[PDB]
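Only one chain is shown below, in structure tokens, and it's the form deposited without its partner chain.
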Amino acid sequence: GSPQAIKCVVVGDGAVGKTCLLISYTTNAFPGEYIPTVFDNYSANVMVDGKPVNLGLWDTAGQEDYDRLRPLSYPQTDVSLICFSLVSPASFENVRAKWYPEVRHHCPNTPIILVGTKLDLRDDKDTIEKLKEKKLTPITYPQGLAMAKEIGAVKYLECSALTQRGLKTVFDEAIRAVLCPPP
């Protein structure tokens, strides 16, 4: 047959690491240094569970200024990654306050993966200490999983675009959430 075409849209607050996640996955290199994007397209031709897939990846802008344009990326979405940074509690709460409602509205009845980004920073002695000074604490795995279940996500996954810990898994699971498994 042909590789199954699967459209995956990536959303979440500005600076949670959406573009880095995509560039790290598709090229194996982490981009130079930060810079907001305005809807870039990426792709991956891969095997998952013995099936070839053409994964089309749609990056989106997290900033509020791009709210009116973001919806143009949603038609025909097969799976959505809702991203939050593990070291930004606000970005976590925005999963329920903003991103889930937006995705559910524009992409009803398609799978969602919840992605906790910047896993390397949850492990950063410094970063922790620094969050502490601000009365913040990183989001834990159980906390993340609970958000996932609240929003009906098929999976909760944690990763670092920088170290690539758990990176491949995010995309294999986004594809698995779409494919029809064996009998």
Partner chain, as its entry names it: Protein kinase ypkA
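Residue numbers count along the first chain shown, from 1. Rigid core (definition): largest C-alpha set, two forms, superposition within 1.5 Å.
Form solved in complex with its partner chain: not shown, discussed below.
- Its partner chain is not drawn, but in the entry with it bound it has no heavy atom within 4.5 Å of residue 140.
- When contacts are judged by a 4.5 Å heavy atom cut-off, residue 69 counts as touching its partner chain in the entry with it bound.
- Though the partner is left out of this view, residue 123 does not reach within 4.5 Å of its partner chain in the entry with it bound, counting heavy atoms only.
- In the entry with it bound, its partner chain stays beyond 4.5 Å of every heavy atom belonging to residue 158.
- Among the candidates 54, 137, 63, 143, displacement between the shown form and the other one reaches 2 angstroms at the C-alpha for one position only, 63 (superposition on the rigid core).
- In this overlay on the rigid core, residue 29 has a C-alpha that sits less than 2 Å away from its partner position between the shown form and the other one.
- Once both forms are fitted on their rigid core, the CA atom of residue 40 lies 2 Å or more apart between the shown form and the other one.
- Note on residue 38 and residue 20: their C-alpha atoms are nearer in the entry with it bound, a change of at least 3 Å from this conformation.
- Look at residue 168 and residue 38: in the entry with it bound their Cα atoms come 3 Å or more closer than in this form.
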